[PDB]
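Here you'll find one protein chain in two forms, each presented separately as structure tokens under the names structure 1 and structure 2.
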Structure 1
């Protein structure tokens, strides 16, 4: 009864810790910094400038979800049915979803592009209202028998930024964002899935949204452009992992190395 009130005993916390599964990024170093891969029941943020690869990682994650081998879990804790026919939701904030990139990534990966597209729900959000409502509707998707295992918010803050210009209404912006973050954390946890969000950085080195976002994101990264198609992801916040940097590349095959 208590868990229905949003509470969890210390024992409930430990138990649920065993049902955590992870999704590979197709990058050795990146998976390593992640301590296995992208964790479920948590929100992972990739913040950087445009072209840094935040969106590539999002597309790559939708493809990988469709490869049974890219999902790592404790067999005696997570049944094979729990992760069967896994579906992905991609909330698109600026029209960044590219089906052809999904195909390309699928092909070079030996996955059926057709299947990734068929199992990835795309929601085009033109304002913060839609963005937040789509997130909440993910429960409805799961209620219609869709095993949503990956939620992608690309991007987390552009609609809020575009709607709240002026530090005179920043509090209203922060509260709405905090509400969205609670929703994102709620579905990662209640539906044992991984939630990923992309974000931008401001002038001195912080992801947009302040602490309201930061205190609510379990894993946080800054993504920088190396030379050429190289990228470096820096994990600077995680509950128990060490801060570390991982280098990788973005090619015709997607995320690699």
Structure 2
């Protein structure tokens, strides 16, 4: 921290108390959020921000550099060949991918399966040149349970079938039971503290992303209030995925209100704010028995595609 221009041991002690130890945290901070700190002036604030941006080499990039920035994105396998394919390889770090769908479509199963696959090094796809082994060593996950449906038994079960040690997954997965939107948002914000404490958080799950907001801001005459809170939450999930190069996953519910992308009739809740904020948007449907269909309907560079898979005692497979 003292490498930053206009930063001595005192200011450095103040920056750490305020939770600003990461250079990126500072390079992407505002002179406003920094001044809220004690003896940190406006000039000293702006100087360190410029210093951090610089040290982090945050400027104009072109040519081959653009490809290298993109190479820092590692992906998490979903245990489904078709799904990973449709995903362009797997679940992307530095992005928010949402799985919306009818009850029992397996949104929760996907969140669980992921926490498990995150503990199998061969399920993290990356380019050693851009992403070092250390950066993805001892990966941990954060599961923000919004409805109370986290199931350790399922983690254990899915773990065994993967040939992994269930308890090992439970030991490297933090679970936070959120009872409302306020808790949900604060838990997400405190994920930095888990990292600050040495936890290599590489997976973040918000299940469910919207159920709380919808129950709290029922009268659509407060929809603006909801959209606002929800928008701040989403920005936090996005910045989190970027700075700590981890994958963020969220589940969403669907409403009767139509929205034809084909057969359709339903649509993920959360309105526009969720739509714009989510990097990859899926619609999971149920087929015969344990058959499921995940329909990718929005992403920045991939075409819309359906992926077929199943939910068995093993978790996700095929």
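Rigid core here is just the name for the largest C-alpha set that superposes within 1.5 Å across the two forms. Numbering follows the first chain given and starts at 1.
| query | After the core is overlaid between structure 1 and structure 2, has the C-alpha of residue 19 moved by 2 angstroms or more? | reply | Residue 19: C-alpha displaced by less than 2 Å between structure 1 and structure 2.
| query | Does residue 10 move its CA by 2 angstroms or more between structure 1 and structure 2 when the core is aligned? | reply | Result for residue 10: yes, a 2 Å-plus shift.
| With both forms fitted on the core, how large is the C-alpha shift of residue 211 between structure 1 and structure 2 in Å? | Once the two forms are fitted on their core, the shift reads 1.2 Å.
| said: Could you state, for a rigid core superposition, the Cα shift of residue 43 between structure 1 and structure 2 in Å? | reply: Its alpha carbon moves by 0.1 Å.
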